[PDB]
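Student: Structure incoming, see below.
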Amino acid sequence: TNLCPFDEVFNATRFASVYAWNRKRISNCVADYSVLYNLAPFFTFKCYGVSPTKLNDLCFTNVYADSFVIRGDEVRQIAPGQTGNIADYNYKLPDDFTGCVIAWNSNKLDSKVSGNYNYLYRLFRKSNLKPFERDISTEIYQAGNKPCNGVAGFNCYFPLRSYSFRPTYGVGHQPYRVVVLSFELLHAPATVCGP
Amino acid sequence: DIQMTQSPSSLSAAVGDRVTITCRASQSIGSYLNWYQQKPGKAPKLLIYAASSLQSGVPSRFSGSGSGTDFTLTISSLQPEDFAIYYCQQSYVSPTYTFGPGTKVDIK
Amino acid sequence: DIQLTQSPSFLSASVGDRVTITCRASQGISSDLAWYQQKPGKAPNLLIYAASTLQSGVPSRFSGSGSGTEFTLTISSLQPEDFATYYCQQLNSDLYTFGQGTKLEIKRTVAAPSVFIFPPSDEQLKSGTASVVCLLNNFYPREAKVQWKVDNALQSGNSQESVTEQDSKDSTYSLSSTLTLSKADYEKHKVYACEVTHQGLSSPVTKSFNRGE
Amino acid sequence: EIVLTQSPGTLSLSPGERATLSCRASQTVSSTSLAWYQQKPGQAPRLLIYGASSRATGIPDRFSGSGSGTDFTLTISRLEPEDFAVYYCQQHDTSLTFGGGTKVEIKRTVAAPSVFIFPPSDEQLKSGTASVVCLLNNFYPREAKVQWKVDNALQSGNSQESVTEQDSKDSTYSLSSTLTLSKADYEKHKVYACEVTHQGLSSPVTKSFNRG
Amino acid sequence: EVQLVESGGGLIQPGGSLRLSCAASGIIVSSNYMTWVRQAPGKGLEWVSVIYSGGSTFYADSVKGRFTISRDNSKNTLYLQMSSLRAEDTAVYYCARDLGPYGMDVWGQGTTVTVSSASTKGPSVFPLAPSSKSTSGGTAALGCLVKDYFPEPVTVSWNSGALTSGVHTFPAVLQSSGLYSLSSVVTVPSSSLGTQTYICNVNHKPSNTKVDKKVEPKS
Amino acid sequence: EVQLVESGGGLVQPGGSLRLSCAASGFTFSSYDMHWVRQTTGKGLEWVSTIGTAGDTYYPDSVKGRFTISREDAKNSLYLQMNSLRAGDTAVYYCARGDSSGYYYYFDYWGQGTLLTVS
Amino acid sequence: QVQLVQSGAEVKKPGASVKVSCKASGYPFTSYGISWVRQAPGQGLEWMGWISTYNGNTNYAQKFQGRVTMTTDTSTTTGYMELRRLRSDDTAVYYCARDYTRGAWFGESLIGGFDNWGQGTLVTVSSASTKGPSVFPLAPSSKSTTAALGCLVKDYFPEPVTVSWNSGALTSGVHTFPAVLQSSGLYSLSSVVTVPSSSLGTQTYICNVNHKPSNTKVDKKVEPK
Ligand SMILES: *[C@@H]1O[C@H](CO[C@@H]2O[C@@H](C)[C@@H](O)[C@@H](O)[C@@H]2O)[C@@H](O[C@@H]2O[C@H](CO)[C@@H](O)[C@H](O)[C@H]2NC(C)=O)[C@H](O)[C@H]1NC(C)=O
């Protein structure tokens, strides 16, 4: 039986932006979690609803792998019941999450001396995101009274802002790569169990 | 981290009485409590897990009920043996598990 | 959790000069930091954002640059409306942090204080208190020393002072010092003095009075 | 797409010096997608460095990589005899391309050839074919120029060189320049000379023979 | 045309409750980051709380539990409810529109909040006469000492506004009692030492306590 | 008769090194997780370290790096190795047997405890 | 113990087609992709293409955009590369490698490279037919002065012959130059040995030629003139 492709998730060359996060469904495979047990001691591993030591004897219908790049001090927001601009207008996790979250610093890969302007987040949004909702949309945000008619200016703002990663920043403003494994369980043949 | 709080800090009761203690969590942990009894000088003992399931052989007077961020441990008829400190533990966020401060049940 | 520190605190200048103000950050906060101006009594005004960009409606004299932990604001030419207090402000996820601020002021030739002493009146004594007033008039600079030697004794309390804002006509300050002694403690002594130390005076000058006259 | 110019073309060193190889890209290449390979003579290649810094499984510590953007460097600290191979760089940033490759040779003292000569075999002449082989035994460095003089004059077209690899013990080459002419022309002329000019020499040596 | 008006500050006792309200024009308060920033008297700016456009609220460590920021869309207004007040919450308060990495561009005008028990009381004006101890340089000095009044402000004028050239009213300095005090001196030339009338005109507005005390040299 | 006997505590200098052990009996010591949990009179019960049945180890933020947990399946024993000791490490140390019923995790058996002093 | 055994040498001709095989062993086959590489004689490496062993997606180089097909067999864990329209400059050694530059499942770019390689498979393509060595002597010069001699393994096809001396006796000082392709498409090799000048007409120098594809094993005797 095929193995679960956990290597192609953590070891990919490019990660997405947080406002346009990536998703990968994993099904019909044997899940060897030793990959997570052998992780180097600079990763950040947490689990919710299930003990890490007992992933090798549970069965799930689906596993979701969500990957993105955030700032150093915003990894605290990738958790159930959190508030802030990343948790509100970029990426939201339910209250009863039931899954694991892994994060690691990627300064050697995503920083540039001239500044990396390819990583962006959403700064202006009128209301919070529902859990696992993605908002890829570039429309002028009116913070004023008169309509904007799709033109920048006073009270008319481009919604997205840029990280601009540089090697000389403090560790809390350095890039971090984040993977979220969501364990799904419904009334189904339970494809992803794995010895 | 989840902050676990217990109430009351102390609870004097007499034999035969009905005793109730409560635990409260900073964020919704669903139904993920463990209740532990500790006599002075001995090991802690598991009474209830999953907030309502009784452990395999325990004084049947102990019961548990609650969910979300409010949980309750109940003793029907207090006995002279049932003096201890009682603890609540959350098991939702792994691997860092956290215990409550503890409630000392004193025998009036 | 960031703490920002502005290097100058009371830095002065003259009309036609340049000036440089600095803000250090204590952890390293990328390049997001704003500079505000406030004239006394009014609300602050925005000058620079993202540490280098200029605000609409602001003249082009004001420049800013920095990164990481060191930021600098610069005025290339002082002009009679540019004397105010400037702050640096920060961001990053549920904390907003300001600096203490940097007062800017006129510069002038050094002038010598004038010293006056006033004993307590009669109605004050009837009410049951006694205040002795020492006045320093027109010194510039703002830094001066006042002493209350009561026949030998330099009190460390029961004395408050107040200075005026710089005089628009002549760019100068003035200072008032007071001493609150009850009627019981007032009539127990004869000589009350006020000793002033300031850059203008060659040696400290004491103006005093005798209670029995 | 990206073209990788790899410098220098050759590299002769001594067993224990520090070696530095350069790979330069026309466009900007990310650091997550550049790798180095080593090929020994007669074998298949093997991965050494991936991600421009990381070391592969089982690779010793004396190999390392660095650089960024458009210029990357492979550094070898100790040159054990097995580390004399051909080294390649690739990228897979925008399609996958290899470099030109950089041979790593052994530096030694300047030796001189031992030029020989060989009249065509009489057995061969009874089969309508003639061949005269010039030989150059152990000589260093590699570069050598040879001329074929037919009674006074240089020739062209009739010359096929062939050079061995550096010997295991002495680490020197051996050149075999062969001239092929029809017997009709071979009996037409009388003095055939092999002219050799090497850096290890200070004068053009000429070894000649006549028919019979 | 873009403006932020404020109202709701005043006297209060240490432990009461008070609600500041900030009115907005040209700005929808439910679609911006709106901030409360306080400036204590002569100490500097300090953030209080923020409410996001999606409704999230954050507070400084100094006001956790004690304060609550709120927003009314129907009237387009921002609110700050203050309770368990201490003497360290006395300051001017500002509502601001924050653009994130573009700073705070639109500010309100300022609301004054005083948190003390004290008592609404009038002044205790005393004279500060000139003398041979004051005749110097041909320009002596004299004034009116205002003592133990509450609350601010107080207007001191000399000769009913006739004389204004060379008059300083020093800022009010707070007393250990809980009341305020200030002085005001004029350097009238020593030539007019007994041939000119000098009357100061204290004006305590929240109590209507007009005083026209005369200052003249004493023997 | 599940029984768990700890051993190894005592007087040590700060910054020293210890390795306390826990001997098991009554249960098969190859199919159960094993935890170390300490108790102080000040803060209360706190979790120190975890070991699974696949060689995986888990430590909290304060403990990360310094402590190492180890198994020996053949002799029914488990060990905790402590290096670079600190003042805030003196406590009663319990070796606990972890277990679960579905998704819910609990400690069903605790040992007896061994007091630790650092000075 | 990852290993990739690969097919045997091919001697194809212009216009034909070849299919090389590569049997994987010692790892989970469906978890990695397969890359094919090519190296001309005396040249550099140059990429051919990539195939996903899981869902069959392929990615070919522009130069070979259509001339080549790659297949996989999951049961025996085998990869196949088939080339068509064989020109004469397609002579090269072809390599099979396990891939870590592109994922098998999601087909994205990875941080890695070609970690495990095959053994190589020479594929000669030429317009000719099998031939045998025409071994000739090359005797020392007229003046008997250490000199050198040899034998000329000439006009032979296909590729390697084996040239030894006295069944492997005088290996010290044996130079066997690499074969060079002539202008008529046919390889010629020269083997030489250096011997002391005083021991020329005293021994018996015979060179052994083993051209297996024609089954020829000449122990040719070279005697000085
Ligand atoms: C991400 O990749 C690293 C490195 O993988 C190695 O190099 C690749 C090019 C390829 O050849 C792989 O097969 C190699 O294993 C993985 O780190 C290695 O993990 C193995 C686990 O079996 C371990 O034995 C090695 O020591 C590790 N090497 C290093 C340098 O860390 C890593 O596991 C991959 N990521 C994930 C999530 O699996």
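As they're listed, the protein sequences go chains L, X, R, B, G, P and Y.
With the first letter of the first sequence counted as 1, position 92 gets the number 92 in the working numbering; the numbers rise by one all the way through.
With positions in the second sequence counted from 1, the corresponding number in the working numbering is that position plus 1000.
With positions in the third sequence counted from 1, the corresponding number in the working numbering is that position plus 2000.
With positions in the fourth sequence counted from 1, the corresponding number in the working numbering is that position plus 3000.
With positions in the fifth sequence counted from 1, the corresponding number in the working numbering is that position plus 4000.
With positions in the sixth sequence counted from 1, the corresponding number in the working numbering is that position plus 5000.
With positions in the seventh sequence counted from 1, the corresponding number in the working numbering is that position plus 6000.
Note that the Cβ used here is the ideal one computed from N, Cα and C, for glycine as well.
Per DSSP, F68 of chain L forms a beta bridge with which residues?
Tutor: BP columns for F68 of chain L point to L:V178.
Student: Can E2105 of chain R and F2083 of chain R be called in contact, C-beta distance under 8 Å?
Tutor: A contact, by the Cβ cut-off of 8 Å.
Student: I need the straight-line Cα distance from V4186 of chain G to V2133 of chain R, nearest angstrom please.
Tutor: Distance between the alpha carbons of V4186 of chain G and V2133 of chain R is about 14 Å.
Student: Looking at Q1037 of chain X and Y1086 of chain X, is the spacing between their C-beta atoms short of 8 Å?
Tutor: Yes, Cβ-Cβ distance for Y1086 of chain X and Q1037 of chain X is below 8 Å.
Student: On the criterion of 16 or more Cβ atoms from any shown chain inside 10 Å, does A6009 of chain Y qualify as buried, or is it exposed?
Tutor: Exposed.
Student: So, for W6047 of chain Y: in the same chain, excluding its five sequence neighbours on each side, which residues have a beta-carbon less than 7 Å away from its beta-carbon?
Tutor: Counting only Cβ-Cβ distances below 7 Å, and skipping sequence neighbours, we find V6037, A6061.
Student: For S51 of chain L, go through chain X and note every residue whose CB falls closer than 7 Å to its CB, in chain order.
Tutor: Those within 7 Å of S51 of chain L in chain X are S1094.
Student: Smallest Cα separation from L4099 of chain G: which of R:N2092, R:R2024, R:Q2003, R:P2119?
Tutor: Looking at the Cα atoms, R:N2092 is the closest of the given residues.
Student: Hey, does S3014 of chain B have any beta-carbon neighbour from chain L nearer than 8 Å?
Tutor: Cβ-Cβ to chain L under 8 Å: no for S3014 of chain B.
Student: DSSP state of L109 of chain L, grouped into three classes?
Tutor: It is helical.
Student: Could you have a look at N6215 of chain Y and say whether DSSP puts it in helix, strand or coil?
Tutor: Three-state DSSP puts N6215 of chain Y in coil, outside helix and strand.
Student: Does DSSP put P52 of chain L in a helix, in a strand, or in coil?
Tutor: The answer is helix: DSSP assigns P52 of chain L an H, G or I state.
Student: Scan the region 6095-6109 of chain Y for residues whose Cβ lies nearer than 8 Å to a Cβ of chain B and list them as they occur along the chain.
Tutor: Those residues of the region 6095-6109 of chain Y that come within reach of chain B (Cβ to Cβ, closer than 8 Å) are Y6095, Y6100, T6101, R6102, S6109.
Student: Quick one: give me the first and last residue of the beta strand (DSSP E) that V4115 of chain G is part of.
Tutor: Note, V4115 of chain G: beta strand (DSSP E), 4111-4115.
Student: Can you look up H173 of chain L in the DSSP assignment and give me helix, strand or coil?
Tutor: Correct three-state label for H173 of chain L: helix.
Student: Taking 8 Å as the CB-CB cut-off, is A1050 of chain X touching chain P?
Tutor: Yes, contact with chain P.
Student: Give me whichever residues DSSP pairs with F3116 of chain B in a beta bridge.
Tutor: Bridge partners of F3116 of chain B: B:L3135.
Student: Residues of chain L with CB closer than 7 Å to the CB of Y4059 of chain G, please, in chain order.
Tutor: Neighbours of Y4059 of chain G on chain L: none; closest Cβ ~12 Å, over 7 Å.
Student: Could you pull out every unbroken alpha helix (DSSP H) segment of at least 4 residues lying fully inside the region 2049-2130 of chain R, listed in chain order?
Tutor: List check, alpha helix (DSSP H) in window: 2122-2127.
Student: Just curious, the beta strand (DSSP E) that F4058 of chain G is in, first and last residue?
Tutor: Residues 4057-4059.
Student: Alpha carbon to alpha carbon, how far is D2185 of chain R from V2163 of chain R? Give it in angstroms, no decimals.
Tutor: So the two alpha carbons sit approximately 27 Å from each other.
Student: Ligand 1 heavy atoms versus the CB of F15 of chain L: any closer than 7 Å?
Tutor: The answer is no for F15 of chain L.
Student: Near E2161 of chain R, which residues of its chain fall below 7 Å by C-beta distance, leaving aside the five closest residues on each side in sequence?
Tutor: Answer for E2161 of chain R: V2146, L2175, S2176, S2177, listed in chain order.
Student: Against chain Y, does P5 of chain L count as a neighbour if the rule is that its beta carbon must be under 8 Å from one of theirs?
Tutor: Closer than 8 Å to some Cβ of chain Y, the Cβ of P5 of chain L qualifies, so yes.
Student: I'd like to know if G84 of chain L contacts chain R, where contact means its C-beta is closer than 8 Å to some C-beta of that chain.
Tutor: Yes, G84 of chain L counts as interfacial toward chain R.
Student: Name the chain X residues whose beta carbon is nearer than 8 Å to that of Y48 of chain L?
Tutor: The contacting residues are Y1092, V1093, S1094.
Student: Smallest Cα separation from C3194 of chain B: which of B:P3204, B:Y3186, B:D3185, B:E3187?
Tutor: Minimum Cα distance to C3194 of chain B is reached at B:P3204.
Student: Nearest CA to the CA of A6016 of chain Y: which residue from Y:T6146, Y:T6162, Y:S6127, Y:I6206?
Tutor: It is Y:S6127.
Student: Could you give the distance in angstroms between the alpha-carbon of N90 of chain L and the alpha-carbon of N6057 of chain Y?
Tutor: When rounded, the distance between both Cα atoms is 33 Å.
Student: Cβ-heavy atom distance between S3054 of chain B and ligand 1 below 7 Å?
Tutor: Yes.
Student: Residues of chain R with CB under 7 Å from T4187 of chain G, in chain order?
Tutor: The contacting residues are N2137.
Student: Whose CA, out of G:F4126, G:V4037, G:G4015, G:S4190, lies closest to the CA of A4140 of chain G?
Tutor: Considering only alpha carbons, the answer is G:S4190.
Student: Starting from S5101 of chain P, find everything on chain X with Cβ-Cβ shorter than 8 Å and list it in chain order.
Tutor: Those are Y1049, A1050, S1053, listed as they occur along chain X.
Student: Show which residues of chain L have a CB atom less than 7 Å away from the CB atom of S3031 of chain B.
Tutor: By Cβ distance, chain L contributes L109.
Student: Does the beta-carbon distance from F3072 of chain B to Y3088 of chain B come in below 8 Å?
Tutor: No, Cβ-Cβ distance for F3072 of chain B and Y3088 of chain B is not below 8 Å.
Student: Which class does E3123 of chain B belong to by DSSP, given the choice of helix, strand or coil?
Tutor: Residue state, collapsed to three classes: helix.
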